[PDB]
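Notes to accompany the following structure.
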């Protein structure tokens, strides 16, 4: 029910996946990027 | 025409010269910018109505 009411999409993307095991991630949002 | 369809065009390389040189199109004039030079500009989205 999270993916419900998909309205006004402006971008879409699908890619190859990733992954006692640690996954580290950094999310930044600078200059519209 | 009342239920006119819309496609969003986003995040792709927009080849344009293939549209010009097809020459199967009756009405193709362009407003806002010259036709052969709008192959060289970048946009956030393009609406295909």
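Every number here is computed from the coordinates shown, using simple stated rules; none is lab data. Here Cβ is always computed from backbone atoms with ideal geometry, including for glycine, and neighbour counts include all displayed protein chains.
Helix-derived [θ] at 222 nm for the protein assembly as shown: sum -39500 (n - 2.57) over DSSP H runs of at least 4, divide by residue count, nearest 500?
Mean residue ellipticity, 222 nm, calculated: -500 deg cm²/dmol.
Work out Dmax and Rg for chain B from the C-alpha atoms and quote the Rg first, both in angstrom.
Reported Rg and Dmax, both Å: 12.3, 33.
Would you give the gap between the C-alpha center of the stretch A:12-33 and the C-alpha center of chain B, rounded to a whole Å?
Computed from Cα coordinates, the inter-centre distance equals 33 Å.
Once you keep just the Cα pairs under 8 angstrom separated by 6 or more residues, what percentage relative contact order results for chain B?
71
With 10 angstrom as the radius, rank B:1, B:46 by how many other C-beta atoms surround their C-beta, starting from the fewest.
Listed from fewest to most nearby Cβ atoms, that is B:1, B:46.
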